Structure formats: structure tokens, C-alpha cells
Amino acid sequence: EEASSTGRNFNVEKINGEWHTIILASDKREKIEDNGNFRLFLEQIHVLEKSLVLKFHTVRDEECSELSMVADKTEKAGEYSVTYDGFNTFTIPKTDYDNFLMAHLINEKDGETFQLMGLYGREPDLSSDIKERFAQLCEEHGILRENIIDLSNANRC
């Protein structure tokens, strides 16, 4: 079964646990390129009553660095916010809980904004069919494939 965090049947407890960054996409490509602040490799999501604790690592000069963030529920069901290189809000438009999680995020910094979309998998990679469904979701948000970066060959430390 599949759900969206904004849907009535969403079960947030089911996204708890191990996740890996498979693909990142953005309408401001520099944010997810090699030294971008948003080129983040997810490791796990810990579901709490009104928040999510996100564990990531960043990479630089082939060196990993851990980082944890707390995302708080906002007034809209299925939406969370977190302060990181500006103000961010995100939702999960589509997940099947057992294989993939597709997230959509809006960042606001210095009076500007950009969209980030991420495809996360329970394993370190996903099938080509799920990757295509993700490309279709990015297209629905005005993000060209040339702005979609598959990181499945670089998500391990």
C-alpha cells in the first residue's frame, strides 16, 4: 500500500527506521551538487509523538561527518519544519513504507526559496522503476531530470 503524509490514512510510525539517500533533485541544482549544503545522506528516521529525528551524514574531501536534526510537526497534517541553512518545511507525497520514501521540501533563506525533492530507500539503492516514478514526481513539480542526481553510487562512508 502507498500513502502520502498529508493523506488521511498516513501511518507515520511506519516510516521509522533505516533509510538511505538514493536520489536528490532541486530547482537550484547547486544546493545538491558536490559541496552543496543539501547533499545530505540520510541514515535513519526516528518517529516521535510530534517530531522526527533525522540522522544524516555529509561528505567533503572524501570525509564523512554526522549530523542530526529535529523536524517538528506544523499546523498542517503531514508537514514538518526544521531550521537548517534557512527555514525548511517538508511533506512526504508518496511512500510505500517498505521500499521507498519520496519527500518534497521548500527552503527559504535570505528572502529567497527553492524546492528540494528526495528519494530514499530502505536499502542503499532502489529499482529503476521506482527511480522513474520519482522522476515523474519531480516533473510534476517543475524539476527537470537534468536537475535530478542519483547518489546511489556515493551514499556510503
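Note that residue numbering follows the sequence shown and begins at 1.
The mean C-alpha temperature factor is higher for 145 to 153 when 145 to 153 and 17 to 25 are set side by side. In this entry, the higher average B-factor at the C-alpha atoms falls on 54 to 62, of the pair 116 to 124 and 54 to 62. Out of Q44, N35, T89, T95, the entry records its largest CA B-factor for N35.
Across the residues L101, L40, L48, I130, the deposited record lists the maximum Cα B factor for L48.
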